[PDB]
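J.: Sharing a structure with you now.
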Amino acid sequence: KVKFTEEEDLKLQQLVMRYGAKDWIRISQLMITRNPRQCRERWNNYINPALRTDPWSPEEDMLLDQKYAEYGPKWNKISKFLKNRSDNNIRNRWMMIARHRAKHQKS
DNA sequence: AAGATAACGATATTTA
DNA sequence: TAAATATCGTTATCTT
């Protein structure tokens with residue numbers, strides 16, 4: 001239902017190695033039920049970087065505050081200043097961390 | 001049961 | 001103007 005899986009993800013690494021990082025249309029011939037750019041989205045957010053060992057540090061948290069209000073939601077450009085995390089990873093984590101940063105009013 | 005992460009589709013923007 | 005690209009946004013699934 002949600003498409004993809006580990007078996008297909010492993011094939012991605014092989015496909016990217018053989019087809020390249022632009023001929024995603026070739027992969028779209030084997031997988032048509034997905035946006036071609038999304039196949040790249042996974043490669044770029046899983047096998048390309050090393051988004052692990054916890055998120056960013058508080059130093060980045062307070063830095064990203066400014067490194068965002070200057071270049072809108074250009075996470076694509078922000079990930080370049082923080083050599084370690086990618087788009088769908090930072091965006092996800094930003095909204096995630098914001099849920100804790102924004103506190104929780106009650107009484 | 002609730003929370004967190006991941007992935008796929010679409011919209012908006014940019015370039016051709 | 002049309003097409004192509006990237007990030008965004010939401011839901012589903014999985015883990016704790």
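Starting from 1 in every chain, residues are counted up; chains themselves are A, B, ... following the order of the structure tokens, and ligands are numbered from 1 as listed.
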As a PyMOL selection string, could you give me every residue of chain B near chain A (at most 12 Å apart, counting only C-alpha atoms (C1' of nucleotides))?
T.: chain B and resi 3-10
J.: Give me, as an NGL selection string, all polymer residues having an atom no more than 12 Å from residue 97 (chain A), counting only C-alpha atoms (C1' of nucleotides) and skipping those fewer than 2 positions away in the same chain.
T.: (:A and (54-58 or 60-62 or 64 or 89-95 or 99-103)) or (:B and (4))
J.: Please save N, CA and C atoms (P, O5', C5', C4', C3', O3' and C1' of nucleotides) of the selected residues as a JSON list (two decimals), in the first residue's frame.
T.:
```
[["chain", "number", "residue", "atom", "x", "y", "z"],
["A", 54, "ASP", "N", 21.86, 10.27, 16.46],
["A", 54, "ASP", "CA", 21.10, 11.42, 16.97],
["A", 54, "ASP", "C", 21.03, 12.56, 15.95],
["A", 55, "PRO", "N", 20.09, 13.51, 16.13],
["A", 55, "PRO", "CA", 19.94, 14.65, 15.22],
["A", 55, "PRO", "C", 21.08, 15.66, 15.38],
["A", 56, "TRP", "N", 20.79, 16.93, 15.16],
["A", 56, "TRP", "CA", 21.80, 17.97, 15.27],
["A", 56, "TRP", "C", 21.94, 18.41, 16.72],
["A", 57, "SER", "N", 23.03, 19.08, 17.03],
["A", 57, "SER", "CA", 23.29, 19.54, 18.38],
["A", 57, "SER", "C", 22.65, 20.91, 18.61],
["A", 58, "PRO", "N", 22.48, 21.32, 19.89],
["A", 58, "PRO", "CA", 21.89, 22.62, 20.23],
["A", 58, "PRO", "C", 22.61, 23.79, 19.54],
["A", 60, "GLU", "N", 23.62, 23.76, 16.48],
["A", 60, "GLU", "CA", 23.00, 23.83, 15.17],
["A", 60, "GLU", "C", 21.57, 24.32, 15.30],
["A", 61, "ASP", "N", 20.90, 23.89, 16.37],
["A", 61, "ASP", "CA", 19.52, 24.29, 16.64],
["A", 61, "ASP", "C", 19.38, 25.81, 16.69],
["A", 62, "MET", "N", 20.29, 26.45, 17.41],
["A", 62, "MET", "CA", 20.25, 27.90, 17.54],
["A", 62, "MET", "C", 20.86, 28.60, 16.33],
["A", 64, "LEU", "N", 20.48, 27.26, 13.10],
["A", 64, "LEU", "CA", 19.47, 27.05, 12.08],
["A", 64, "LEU", "C", 18.34, 28.07, 12.21],
["A", 89, "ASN", "N", 15.27, 14.69, 5.84],
["A", 89, "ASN", "CA", 15.71, 14.35, 7.18],
["A", 89, "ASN", "C", 15.67, 15.57, 8.10],
["A", 90, "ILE", "N", 16.19, 16.69, 7.61],
["A", 90, "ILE", "CA", 16.21, 17.93, 8.39],
["A", 90, "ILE", "C", 14.80, 18.48, 8.54],
["A", 91, "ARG", "N", 14.05, 18.51, 7.43],
["A", 91, "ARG", "CA", 12.68, 19.01, 7.45],
["A", 91, "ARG", "C", 11.85, 18.23, 8.47],
["A", 92, "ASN", "N", 11.97, 16.91, 8.42],
["A", 92, "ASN", "CA", 11.24, 16.04, 9.34],
["A", 92, "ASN", "C", 11.64, 16.34, 10.78],
["A", 93, "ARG", "N", 12.95, 16.42, 11.01],
["A", 93, "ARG", "CA", 13.48, 16.68, 12.34],
["A", 93, "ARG", "C", 13.19, 18.09, 12.85],
["A", 94, "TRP", "N", 13.13, 19.06, 11.94],
["A", 94, "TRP", "CA", 12.84, 20.44, 12.33],
["A", 94, "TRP", "C", 11.44, 20.54, 12.91],
["A", 95, "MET", "N", 10.48, 19.94, 12.23],
["A", 95, "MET", "CA", 9.10, 19.96, 12.69],
["A", 95, "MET", "C", 8.99, 19.14, 13.98],
["A", 99, "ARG", "N", 8.24, 20.70, 17.99],
["A", 99, "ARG", "CA", 7.16, 20.25, 18.85],
["A", 99, "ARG", "C", 7.59, 20.26, 20.32],
["A", 100, "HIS", "N", 8.89, 20.10, 20.54],
["A", 100, "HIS", "CA", 9.44, 20.10, 21.89],
["A", 100, "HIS", "C", 9.94, 21.49, 22.27],
["A", 101, "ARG", "N", 10.48, 22.20, 21.28],
["A", 101, "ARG", "CA", 11.01, 23.55, 21.49],
["A", 101, "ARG", "C", 9.89, 24.53, 21.83],
["A", 102, "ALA", "N", 8.75, 24.36, 21.17],
["A", 102, "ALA", "CA", 7.59, 25.23, 21.39],
["A", 102, "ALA", "C", 6.93, 25.02, 22.75],
["A", 103, "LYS", "N", 7.48, 24.11, 23.56],
["A", 103, "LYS", "CA", 6.95, 23.81, 24.89],
["A", 103, "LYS", "C", 5.54, 23.23, 24.84],
["B", 4, "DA", "P", 7.02, 11.72, 19.22],
["B", 4, "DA", "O5'", 7.45, 10.52, 18.26],
["B", 4, "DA", "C5'", 8.37, 9.53, 18.72],
["B", 4, "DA", "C4'", 9.36, 9.19, 17.63],
["B", 4, "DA", "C3'", 9.81, 10.36, 16.77],
["B", 4, "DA", "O3'", 11.12, 10.09, 16.24],
["B", 4, "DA", "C1'", 8.33, 8.94, 15.53]]
```
J.: Give me the residues within 12 Å of residue 11 (chain B) as a list in words, counting only C-alpha atoms (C1' of nucleotides) and dropping any in the same chain fewer than 4 places off.
T.: residues 5, 6, 7, 8 and 9 of chain C
J.: Could you pull out the residues in chain A that DSSP calls helix (DSSP H, G or I) from the backbone, as a PyMOL selection string?
T.: chain A and resi 6-19+24-27+36-47+58-64+66-69+75-78+87-101
J.: Selected residues, C-alpha atoms, written as a short mmCIF file (atom, residue, chain, number, x, y, z; two decimals), in the first residue's frame, please.
T.:
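File again.cif, as written:
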```
data_model
loop_
_atom_site.label_atom_id
_atom_site.label_comp_id
_atom_site.auth_asym_id
_atom_site.auth_seq_id
_atom_site.Cartn_x
_atom_site.Cartn_y
_atom_site.Cartn_z
CA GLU A 6 14.02 -3.07 2.04
CA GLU A 7 14.36 -5.50 -0.88
CA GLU A 8 13.70 -2.71 -3.38
CA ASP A 9 15.89 -0.24 -1.49
CA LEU A 10 18.86 -2.59 -1.82
CA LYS A 11 18.20 -2.75 -5.55
CA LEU A 12 18.24 1.05 -5.67
CA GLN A 13 21.92 1.12 -4.71
CA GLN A 14 22.64 -1.25 -7.59
CA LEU A 15 20.46 0.67 -10.02
CA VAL A 16 22.01 4.04 -9.11
CA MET A 17 25.47 2.56 -9.56
CA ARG A 18 24.61 1.22 -13.02
CA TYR A 19 22.27 3.92 -14.36
CA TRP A 24 16.22 7.83 -12.98
CA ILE A 25 13.81 7.29 -15.86
CA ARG A 26 15.53 3.94 -16.37
CA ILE A 27 14.53 2.93 -12.84
CA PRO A 36 11.05 9.38 -10.30
CA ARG A 37 12.42 12.13 -8.05
CA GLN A 38 11.39 10.13 -4.99
CA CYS A 39 13.70 7.28 -5.99
CA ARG A 40 16.44 9.90 -5.82
CA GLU A 41 14.95 11.21 -2.58
CA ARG A 42 15.63 7.87 -0.88
CA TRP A 43 19.15 7.46 -2.31
CA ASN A 44 19.98 11.03 -1.30
CA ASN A 45 18.46 10.62 2.18
CA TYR A 46 19.71 7.13 3.07
CA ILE A 47 22.68 5.76 1.12
CA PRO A 58 21.89 22.62 20.23
CA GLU A 59 24.65 24.60 18.50
CA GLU A 60 23.00 23.83 15.17
CA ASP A 61 19.52 24.29 16.64
CA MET A 62 20.25 27.90 17.54
CA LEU A 63 22.21 28.41 14.33
CA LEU A 64 19.47 27.05 12.08
CA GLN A 66 19.08 32.32 11.66
CA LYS A 67 20.11 29.94 8.88
CA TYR A 68 16.47 29.69 7.82
CA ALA A 69 14.93 33.10 8.45
CA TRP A 75 16.74 23.27 3.54
CA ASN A 76 18.46 22.16 0.31
CA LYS A 77 20.90 25.03 0.80
CA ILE A 78 21.01 24.65 4.58
CA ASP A 87 16.37 17.50 3.01
CA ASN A 88 13.62 15.02 4.08
CA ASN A 89 15.71 14.35 7.18
CA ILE A 90 16.21 17.93 8.39
CA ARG A 91 12.68 19.01 7.45
CA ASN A 92 11.24 16.04 9.34
CA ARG A 93 13.48 16.68 12.34
CA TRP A 94 12.84 20.44 12.33
CA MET A 95 9.10 19.96 12.69
CA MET A 96 9.82 17.21 15.21
CA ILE A 97 12.18 19.28 17.37
CA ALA A 98 9.85 22.28 17.09
CA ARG A 99 7.16 20.25 18.85
CA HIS A 100 9.44 20.10 21.89
CA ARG A 101 11.01 23.55 21.49
#
```
J.: What is the distance, in Å and to one decimal place, between CA of residue 83 (chain A) and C1' of residue 13 (chain B)?
T.: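 Between CA of residue 83 (chain A) and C1' of residue 13 (chain B) the gap is 25.2 Å.
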J.: Counting only C-alpha atoms (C1' of nucleotides), which residue out of A:106, A:31, A:50, A:86 sits closest to chain C?
T.: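 Closest residue, counting only C-alpha atoms (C1' of nucleotides): A:86.
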